[PDB]
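Take a look at this single chain in structure tokens; it is the form deposited in one PDB entry.
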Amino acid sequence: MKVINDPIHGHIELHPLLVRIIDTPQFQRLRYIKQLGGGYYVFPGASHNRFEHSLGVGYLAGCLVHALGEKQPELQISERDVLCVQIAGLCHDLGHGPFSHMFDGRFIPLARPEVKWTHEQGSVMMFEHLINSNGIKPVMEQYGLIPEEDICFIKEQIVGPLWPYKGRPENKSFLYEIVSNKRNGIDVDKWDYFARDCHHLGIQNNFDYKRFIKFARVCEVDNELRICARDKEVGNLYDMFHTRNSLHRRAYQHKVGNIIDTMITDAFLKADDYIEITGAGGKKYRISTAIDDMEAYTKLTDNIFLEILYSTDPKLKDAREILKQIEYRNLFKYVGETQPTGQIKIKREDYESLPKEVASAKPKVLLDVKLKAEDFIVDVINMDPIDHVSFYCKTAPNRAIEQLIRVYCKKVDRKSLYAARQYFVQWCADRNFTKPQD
């Protein structure tokens, strides 16, 4: 029964089971993986990692359940239910890779285009590895959990259904909207990293989750059980959503922030063949295939960045040279942005091909310089109002009331940069993407 002090949430009381899950290598791994990935090289305050964030989500998961259980004893929320939601929140991010969203969103699609991989697949594999490597399942039983039944439940809360849910019956469906919510984008995962990311980026977060948790209730909608907010709390809700918008516009879509991310992945790609990560049975993996074995994956952290940078191996001199360019601030240069409006969206599978298409656009008038596909970086940003949440009133508590595409150039001179803007504008034309602004 430890008490941890967190700068956003204050004191976080931790169930001994939770403590047993937290003091394992598969969880301490999150201490070495930046929350905002390449954010830190643009935002100096953003040194924070997945680890404390996982702590906060786990805490927020629990605050909400225990709250719903107290205001409404008829939901039959058990001490068993609160522990699983707490464990799920804690481990939803077990599967993040080097520099978080950079890894499953850009590196694996470029490194192994055929493979379908998400960090949510990654978390469940890592959670399974965690409870097996550390004999967690006996300790679950010691505190009243049913390992077969509850381990499924935690997994389904993280990666979704593997009525589709086997972990809990539908009269407890609302337990599935606590940690991550597909429908109205309101979950304790957002709350923590909304509060957390503003705190480190120097943005003001006026959203008050304690207030929202206090007035939160389960209510019936289309004969479905959902979590609802009372009508007074729409003012708080506009402040939640305005923060989500500021974080995206100001932080998550930052131009240099995202340019630098593609430089890092270009380094990991040129370095993928020459770095070995040690797995099970002593087998050796590459950076891109360590996702295939969880003990190697345990060992795949932000560390790999510095390992490349400090390397003396001549085989890694290319990968090294790109990371020296991040340190010297000689970055890739911005060419332009465009959108596939009205058009079919670019799929993760087709990322590898895009620079070849850009370099192949025929931009007549003819140009002084010619560029090959290796001089182009094509960066796909996927985006994934108030009205879509469901409310209630005190009188009737029973009843309910994109893709951006950016192109960077590795060549830094004005004559070549001009050329790049020309190819780029042509490629947009004959792909029927929107016309780039000047």
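All residue numbers are counted from 1 along the displayed sequence.
Another form, the form deposited with a small molecule bound, is not on view; read the next lines as being about it.
- The closest heavy atom approach of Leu36 to the small molecule in the deposited bound form falls within 4.5 Å.
- Among heavy atoms of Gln253, some come within 4.5 Å of the small molecule in the deposited bound form.
- The shortest heavy atom separation between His101 and the small molecule in the deposited bound form is within 4.5 Å.
- Among residues of the shown chain, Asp197 is one whose heavy atoms approach the small molecule to within 4.5 Å in the deposited bound form.
- Screening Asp293, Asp150, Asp266, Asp93 for any heavy atom within 4.5 Å of the small molecule in the deposited bound form leaves a single hit, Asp93.
- Of the residues given (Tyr274, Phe305, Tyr165, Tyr193), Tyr193 alone sits with a heavy atom within 4.5 Å of the small molecule in the deposited bound form.
- Residues with any non-hydrogen atom within 4.5 angstroms of the small molecule in the deposited bound form fall in just one of 170-178, 85-93, 72-80, 142-150: 85-93.
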